[PDB]
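A.B. asks: Please find one structure pasted underneath; my questions will follow.
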Amino acid sequence: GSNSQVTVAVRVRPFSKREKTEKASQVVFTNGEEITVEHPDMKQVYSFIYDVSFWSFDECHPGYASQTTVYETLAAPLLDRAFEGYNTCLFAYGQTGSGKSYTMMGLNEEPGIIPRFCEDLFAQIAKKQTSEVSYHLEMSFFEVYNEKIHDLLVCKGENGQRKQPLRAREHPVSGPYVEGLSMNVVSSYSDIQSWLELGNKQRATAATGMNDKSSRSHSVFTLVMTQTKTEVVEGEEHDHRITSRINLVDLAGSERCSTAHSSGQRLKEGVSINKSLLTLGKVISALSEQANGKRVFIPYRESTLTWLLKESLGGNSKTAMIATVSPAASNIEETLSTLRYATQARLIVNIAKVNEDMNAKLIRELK
Amino acid sequence: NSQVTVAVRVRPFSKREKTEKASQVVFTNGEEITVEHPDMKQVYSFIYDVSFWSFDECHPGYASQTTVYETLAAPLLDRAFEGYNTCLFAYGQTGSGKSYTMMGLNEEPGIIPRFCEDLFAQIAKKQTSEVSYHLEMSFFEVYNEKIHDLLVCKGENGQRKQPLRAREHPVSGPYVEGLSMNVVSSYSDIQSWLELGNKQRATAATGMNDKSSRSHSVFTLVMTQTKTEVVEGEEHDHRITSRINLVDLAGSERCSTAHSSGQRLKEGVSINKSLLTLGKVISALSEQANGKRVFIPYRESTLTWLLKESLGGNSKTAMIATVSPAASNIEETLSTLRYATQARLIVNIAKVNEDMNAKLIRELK
Ligand SMILES: Nc1ncnc2c1ncn2[C@@H]1O[C@H](COP(=O)(O)OP(=O)(O)NP(=O)(O)O)[C@@H](O)[C@H]1O
Ligand SMILES: Nc1ncnc2c1ncn2[C@@H]1O[C@H](COP(=O)(O)OP(=O)(O)NP(=O)(O)O)[C@@H](O)[C@H]1O
Ligand SMILES: [Mg+2]
């Protein structure tokens, strides 16, 4: 393997009914590809640079970045690396009502990165479905809710108390994993769609002040893609095997407990989300400081999300993130925090390698 | 001058074991034989003077019935016609194939028929007006250190196990008093007598089988050569004799696992004792052949005492131990192997052959 950096992208969503009703001023502007922010105080205008910038604010202007465009700019390269045998990770970040549960999954009329990636992967595999390489796909779809793990592809029993919790455990080599996760086999995009629909029907959502359907649980969508390649060997064939993992992550939002006025369960889950995001920010800052040659420890273990995504934020995977921000003045502080974490995520690098899985058999040694 | 030829035969699976997928625990490496437990804890290694791996018909050196005969038994005929006494012992637990090797089927014969028919053939070839041959046979059994005959008709009684005695003729060595001896001219007669006797041989349905042998069977052929030589007159009476003995031993069997009370226990005890004395005599004979000064305890058991003149001296002894490769019979297998061994058992432990594919160490080198 060799060093590769985390691909950071940004997306400015358009005004919503709330920012229109309580009429607010546009503050986010794109200077070509830079993203600029003109504070109402007018002390200065901040300017942030990113590997990619997307302007889905307008629906007319040259620069309109639609869902297919976001796909063909971010997700297709990860599919290339997955076919190359690398693990890949993509995760969303942002505050409430920024469009993280839209960019990734999308609506029934404007699908997101998840359906586009799955369909494109299956189609490329069918195109390349020669007798040389036999392909296999497995999937899982789990969530995190008040620091508890839940399986989304497991239909709840005949009760309300059915969110049967699992637990995380560290395999000494493969790293963290979830015990009891119903991995399911994937033939094609239709079955993927059915499973995903069942999952999103099971996921924890709720209405609030700043969203009618907000996600109160982090979501991880994992694919395991196995290529068993045929080769002319003097003995038994089909030893060449490449196993690659794709991990797509829809996180929850910051949510100050004033705008999104809540009480009880809404508040409790709002607190847990906030703590998870704090730990994530600490991890990102620590990896950025690692990239500058200092000595730092990464608090992976302070939360289940970072624990189960340890090998992706750093570790061994081609990683990318999509920051989501609103263009209004009422969300200026959260926009700036998100943009700062995004830009200091760019300095992260991770050592991704091809997962040959032939250590101490013959082939990694022959290499 | 003598030497014990020790041979060990590993049978193949049967249809029942192949159906049940009974595992394999006996393996080969050329001459050596090994036992590797299913627990992967210990590896026992045995060496014998000859091995017969009848496990798979494809492997090179698959021991055919003809191979077994021509390797173990037939040189005994050479020594017999040379004028020297011979003994062939057969040992093996039930289910090992101790009969298939020795007596055999109607289609795949064994040591006994190949031996007898080759004997008849060589006799017919050597028969002239000057030299003649004469063959007598006897068939007795040993049960609780007592002798019985197998070639008489059971009289009209609840039991007619008439015992006999052993006596030491000062010249002819020991012998059995009152034993009937019959003349033979063909394998038809031999087969008829044997098929009569093996209905009288003591057998009972123990835990391990419906018919397990509880007596040591001795089948003796006395072959007399009458030749003539010039004595300045009528050439007459230059006489030689040779004794062939074929012994079928019974199985050991422990009585601590196989709970067994009464007559079964007495039988097993006597079997165990006779086999112990037999092993002592055999090892003493090996040391004598290797040149030490040794005392051979022929007299501590009836079988050894009766076969004294056919183990020691310028006589030729062979032993064939039959074993099964399955795992369920592993205690019997290890026991028979240890019994047949004459020099020493070798023991190691190894689980390092599985080198994760295609001998990984080669590319490491
Ligand atoms: N490019 C866009 N154009 C129009 N509407 C958009 C766009 N992006 C997001 N939205 C709107 O955003 C709303 C909520 O977005 P959503 O996907 O829930 O963001 P979110 O980050 O998932 N909120 P949360 O659940 O707290 O994480 C939807 O009702 C969409 O109509
Ligand atoms: N060398 C061999 N090759 C192939 N099959 C064999 C061989 N030896 C024995 N068998 C088979 O295994 C059977 C064992 O002999 P058989 O007399 O039927 O039972 P048994 O238990 O060996 N009798 P016994 O040994 O006196 O208790 C034979 O009948 C054959 O079917
Ligand atoms: Mg959401």
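Labels for the structure tokens follow display order: chains A, B, ..., residues from 1 in each chain, ligands from 1.
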Any idea what's packed within 10 Å of residue 28 of chain B, counting only C-alpha atoms, ignoring anything in its chain fewer than 3 positions away? Could you give it as number ranges by chain?
C.D. replies: B: 10, 31-35, 45-46, 51-53, 55
A.B. asks: Using only C-alpha atoms, determine which residues lie at most 8 Å from segment 18-31 of chain A, disregarding the query and same-chain residues fewer than 3 positions distant; provide the list as a VMD selection string.
C.D. replies: chain A and resid 12 15 34 to 40 55 210 326 to 330 332
A.B. asks: Any chance you could export the current selection's C-alpha atoms as a PDB file, in the first residue's frame?
C.D. replies:
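Final output, saved to out-v6.pdb:
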ATOM      1  CA  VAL A  12     -24.710  23.802  -0.077  1.00  0.00           C
ATOM      2  CA  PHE A  15     -33.283  27.502   1.395  1.00  0.00           C
ATOM      3  CA  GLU A  34     -13.603  28.103  -3.086  1.00  0.00           C
ATOM      4  CA  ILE A  35     -16.421  28.407  -0.559  1.00  0.00           C
ATOM      5  CA  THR A  36     -16.668  31.853   1.011  1.00  0.00           C
ATOM      6  CA  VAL A  37     -18.651  33.002   4.036  1.00  0.00           C
ATOM      7  CA  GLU A  38     -19.587  36.659   4.624  1.00  0.00           C
ATOM      8  CA  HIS A  39     -20.393  37.092   8.290  1.00  0.00           C
ATOM      9  CA  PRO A  40     -23.224  39.522   9.179  1.00  0.00           C
ATOM     10  CA  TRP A  55     -23.565  24.321  -5.422  1.00  0.00           C
ATOM     11  CA  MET A 210     -35.965  22.003  12.074  1.00  0.00           C
ATOM     12  CA  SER A 326     -27.142  25.610   4.535  1.00  0.00           C
ATOM     13  CA  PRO A 327     -26.742  29.048   2.933  1.00  0.00           C
ATOM     14  CA  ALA A 328     -28.597  31.048   5.586  1.00  0.00           C
ATOM     15  CA  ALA A 329     -27.390  33.292   8.393  1.00  0.00           C
ATOM     16  CA  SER A 330     -29.191  31.470  11.211  1.00  0.00           C
ATOM     17  CA  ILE A 332     -23.660  30.344  10.428  1.00  0.00           C
TER      18      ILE A 332
END
A.B. asks: Once you count only C-alpha atoms and all ligand atoms, which residues end up within 10 Å of ligand 2, and could you hand them over as a PyMOL selection string?
C.D. replies: chain B and resi 9-15+52-57+62-65+68+91-105+108+110+208-213+248-251+322-324
A.B. asks: To check your reading of the model: which residues sit at most 9 Å from ligand 3 when counting only C-alpha atoms and all ligand atoms? Write the answer as a PyMOL selection string.
C.D. replies: chain A and resi 95-102+205+213-218+250-253
A.B. asks: Kindly save the residues from that selection, with C-alpha atoms included, as a PDB file, in the first residue's frame.
C.D. replies:
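This went into part05.pdb:
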ATOM      1  CA  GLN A  95     -26.032  19.933  10.984  1.00  0.00           C
ATOM      2  CA  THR A  96     -29.822  19.239  11.056  1.00  0.00           C
ATOM      3  CA  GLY A  97     -31.633  19.821   7.763  1.00  0.00           C
ATOM      4  CA  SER A  98     -28.431  19.933   5.703  1.00  0.00           C
ATOM      5  CA  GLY A  99     -29.305  16.978   3.467  1.00  0.00           C
ATOM      6  CA  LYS A 100     -27.317  13.970   4.638  1.00  0.00           C
ATOM      7  CA  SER A 101     -30.224  11.517   4.472  1.00  0.00           C
ATOM      8  CA  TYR A 102     -30.814  12.885   0.934  1.00  0.00           C
ATOM      9  CA  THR A 205     -36.800   8.895  12.564  1.00  0.00           C
ATOM     10  CA  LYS A 213     -38.254  13.563   9.134  1.00  0.00           C
ATOM     11  CA  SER A 214     -34.871  13.648  10.881  1.00  0.00           C
ATOM     12  CA  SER A 215     -32.649  10.666  11.552  1.00  0.00           C
ATOM     13  CA  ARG A 216     -32.106   9.992  15.266  1.00  0.00           C
ATOM     14  CA  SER A 217     -29.716   7.092  14.616  1.00  0.00           C
ATOM     15  CA  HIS A 218     -26.465   6.837  12.742  1.00  0.00           C
ATOM     16  CA  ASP A 250     -25.331   8.594   7.154  1.00  0.00           C
ATOM     17  CA  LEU A 251     -24.771  10.448  10.422  1.00  0.00           C
ATOM     18  CA  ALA A 252     -27.196  12.478  12.510  1.00  0.00           C
ATOM     19  CA  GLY A 253     -27.094  16.228  13.131  1.00  0.00           C
TER      20      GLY A 253
END
A.B. asks: Here is a test: counting only C-alpha atoms, which residue of A:359, A:202, A:247, A:129 is nearest to chain B?
C.D. replies: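 For chain B, the nearest of the given residues is A:359.
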A.B. asks: Rank B:335, B:42, B:310, B:226 by their smallest atom-to-atom distance to residue 349 of chain B, using only C-alpha atoms, and report the top residue only.
C.D. replies: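 Distance minimum relative to residue 349 of chain B lands on B:42.
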A.B. asks: At a cut-off of 10 Å, using only C-alpha atoms, what residues contact residue 168 of chain B? Leave out same-chain residues fewer than 3 positions from it and give the result as a PyMOL selection string.
C.D. replies: chain B and resi 171-177+305-306
A.B. asks: Which of these residues is nearest to ligand 1, using only C-alpha atoms and all ligand atoms: A:209, A:115, A:62, A:172?
C.D. replies: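 Closest to ligand 1 of all the choices is A:209.
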A.B. asks: Would you give me, as a short mmCIF file (atom, residue, chain, number, x, y, z; two decimals) with N, CA, C and O atoms, in the first residue's frame, the residues of chain B that come within 9 Å of chain A, using only C-alpha atoms?
C.D. replies:
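After the write, out23.cif holds the following:
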data_model
loop_
_atom_site.label_atom_id
_atom_site.label_comp_id
_atom_site.auth_asym_id
_atom_site.auth_seq_id
_atom_site.Cartn_x
_atom_site.Cartn_y
_atom_site.Cartn_z
N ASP B 355 0.67 -27.00 5.92
CA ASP B 355 1.49 -25.80 5.74
C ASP B 355 0.72 -24.71 4.97
O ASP B 355 1.28 -23.92 4.21
N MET B 356 -0.60 -24.71 5.16
CA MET B 356 -1.54 -23.65 4.78
C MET B 356 -1.76 -23.51 3.28
O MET B 356 -2.80 -22.98 2.87
N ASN B 357 -0.82 -23.97 2.45
CA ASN B 357 -1.07 -24.45 1.09
C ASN B 357 0.28 -24.80 0.48
O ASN B 357 1.26 -24.07 0.68
N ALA B 358 0.32 -25.91 -0.27
CA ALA B 358 1.40 -26.23 -1.21
C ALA B 358 2.80 -26.02 -0.63
O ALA B 358 3.70 -25.54 -1.32
N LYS B 359 3.01 -26.37 0.64
CA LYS B 359 4.32 -26.28 1.29
C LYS B 359 4.85 -24.85 1.28
O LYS B 359 5.81 -24.50 0.58
N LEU B 360 4.18 -24.01 2.07
CA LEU B 360 4.48 -22.59 2.19
C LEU B 360 5.96 -22.31 2.47
O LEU B 360 6.49 -21.28 2.04
N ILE B 361 6.63 -23.21 3.18
CA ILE B 361 8.01 -23.00 3.60
C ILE B 361 8.96 -22.89 2.41
O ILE B 361 10.02 -22.28 2.52
N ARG B 362 8.59 -23.46 1.27
CA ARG B 362 9.48 -23.44 0.11
C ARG B 362 9.69 -22.02 -0.39
O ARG B 362 10.83 -21.61 -0.65
N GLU B 363 8.61 -21.25 -0.55
CA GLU B 363 8.74 -19.87 -1.00
C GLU B 363 9.36 -19.01 0.09
O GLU B 363 10.04 -18.01 -0.21
N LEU B 364 9.14 -19.36 1.36
CA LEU B 364 9.82 -18.67 2.45
C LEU B 364 11.33 -18.83 2.34
O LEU B 364 12.08 -17.87 2.57
#
A.B. asks: Leaving out residue 142 of chain A and any residue of its chain fewer than 6 positions from it, which residues lie within 8 Å of it when counting only C-alpha atoms, given as a PyMOL selection string?
C.D. replies: chain A and resi 149-153+181+219-221
A.B. asks: Okay, now the selection with N, CA, C and O atoms, as a CSV table (one decimal), in the first residue's frame?
C.D. replies:
chain,number,residue,atom,x,y,z
A,149,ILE,N,-26.3,-0.7,19.4
A,149,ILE,CA,-26.3,-1.2,18.0
A,149,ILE,C,-27.7,-1.9,17.7
A,149,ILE,O,-28.2,-2.5,18.6
A,150,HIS,N,-28.2,-1.7,16.5
A,150,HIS,CA,-29.4,-2.4,16.1
A,150,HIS,C,-29.2,-2.8,14.6
A,150,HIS,O,-28.6,-2.1,13.8
A,151,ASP,N,-29.9,-3.9,14.3
A,151,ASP,CA,-29.8,-4.4,12.9
A,151,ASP,C,-31.1,-4.0,12.2
A,151,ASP,O,-32.2,-4.2,12.7
A,152,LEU,N,-30.9,-3.3,11.1
A,152,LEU,CA,-32.1,-2.8,10.3
A,152,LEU,C,-32.7,-3.8,9.4
A,152,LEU,O,-33.9,-3.7,9.1
A,153,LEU,N,-32.0,-4.8,9.0
A,153,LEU,CA,-32.5,-5.9,8.1
A,153,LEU,C,-33.1,-7.1,8.8
A,153,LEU,O,-33.2,-8.1,8.2
A,181,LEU,N,-24.7,-9.8,13.6
A,181,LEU,CA,-25.2,-9.0,12.5
A,181,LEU,C,-25.6,-9.9,11.3
A,181,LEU,O,-24.8,-10.7,10.8
A,219,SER,N,-26.3,5.5,10.7
A,219,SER,CA,-26.6,4.4,9.8
A,219,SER,C,-25.3,4.0,9.1
A,219,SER,O,-24.7,4.9,8.5
A,220,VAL,N,-25.0,2.8,9.0
A,220,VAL,CA,-23.9,2.2,8.3
A,220,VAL,C,-24.4,1.1,7.4
A,220,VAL,O,-25.1,0.2,7.8
A,221,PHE,N,-24.1,1.3,6.1
A,221,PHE,CA,-24.4,0.4,5.0
A,221,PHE,C,-23.1,-0.2,4.5
A,221,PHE,O,-22.3,0.5,3.9
A.B. asks: DSSP on the backbone, alpha helix (DSSP H) only: what residues of segment 114-361 of chain A does that give? Format it as a ChimeraX atom specification.
C.D. replies: /A:114-127,189-202,265-290,304-308,310-313,332-345
A.B. asks: With only C-alpha atoms and all ligand atoms as the basis for distance, which of A:292, A:208, A:4, A:146 is at the shortest distance from ligand 1?
C.D. replies: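 Residue with the minimum atom-to-atom distance to ligand 1: A:208.
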A.B. asks: Between atom CA of residue 272 of chain B and atom CA of residue 303 of chain B, what is the distance, to one decimal in Å?
C.D. replies: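 Between these atoms lies a distance of 12.8 Å.
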A.B. asks: As JSON, numbers by chain, which residues of segment 79-261 of chain B does DSSP assign to strand (DSSP E)?
C.D. replies: {"B": [86, 87, 88, 89, 90, 91, 92, 132, 133, 134, 135, 136, 137, 138, 139, 140, 141, 142, 143, 146, 147, 148, 149, 165, 166, 167, 168, 169, 173, 174, 175, 176, 177, 182, 183, 203, 204, 212, 213, 216, 217, 218, 219, 220, 221, 222, 223, 224, 225, 226, 227, 238, 239, 240, 241, 242, 243, 244, 245, 246, 247, 248]}
A.B. asks: Tell me, as a list in words, which residues lie within 7 Å of segment 182-198 of chain B, counting only C-alpha atoms; anything in the same chain fewer than 6 positions away does not count.
C.D. replies: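 Surrounding residues, per the criterion: residues 116, 117, 135, 136, 137, 138, 150 and 151 of chain B.
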A.B. asks: Go ahead and save the picked residues with N, CA and C atoms, as a tab-separated table (two decimals), in the first residue's frame.
C.D. replies:
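Wrote it out as part_26.tsv, contents follow:
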chain	number	residue	atom	x	y	z
B	116	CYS	N	-1.34	-75.32	0.59
B	116	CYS	CA	-1.58	-76.75	0.40
B	116	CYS	C	-1.52	-77.14	-1.07
B	117	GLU	N	-2.11	-76.33	-1.95
B	117	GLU	CA	-2.11	-76.70	-3.36
B	117	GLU	C	-0.71	-76.61	-3.96
B	135	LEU	N	1.79	-87.76	3.48
B	135	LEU	CA	1.26	-86.61	4.20
B	135	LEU	C	0.16	-87.03	5.16
B	136	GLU	N	0.40	-86.76	6.45
B	136	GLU	CA	-0.57	-86.97	7.51
B	136	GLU	C	-0.95	-85.63	8.10
B	137	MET	N	-2.15	-85.57	8.69
B	137	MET	CA	-2.71	-84.33	9.19
B	137	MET	C	-3.37	-84.56	10.53
B	138	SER	N	-3.37	-83.50	11.34
B	138	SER	CA	-4.05	-83.48	12.62
B	138	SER	C	-4.54	-82.07	12.90
B	150	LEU	N	-10.32	-81.93	17.20
B	150	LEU	CA	-11.38	-81.32	16.41
B	150	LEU	C	-11.90	-82.23	15.30
B	151	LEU	N	-11.40	-83.46	15.21
B	151	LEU	CA	-11.72	-84.36	14.11
B	151	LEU	C	-12.41	-85.64	14.57
A.B. asks: Do you know which residues are at most 9 Å from residue 71 of chain A counting only C-alpha atoms, after dropping those on the same chain fewer than 5 positions away, and could you put them as a ChimeraX atom specification?
C.D. replies: /A:66,76,112-113,116-117
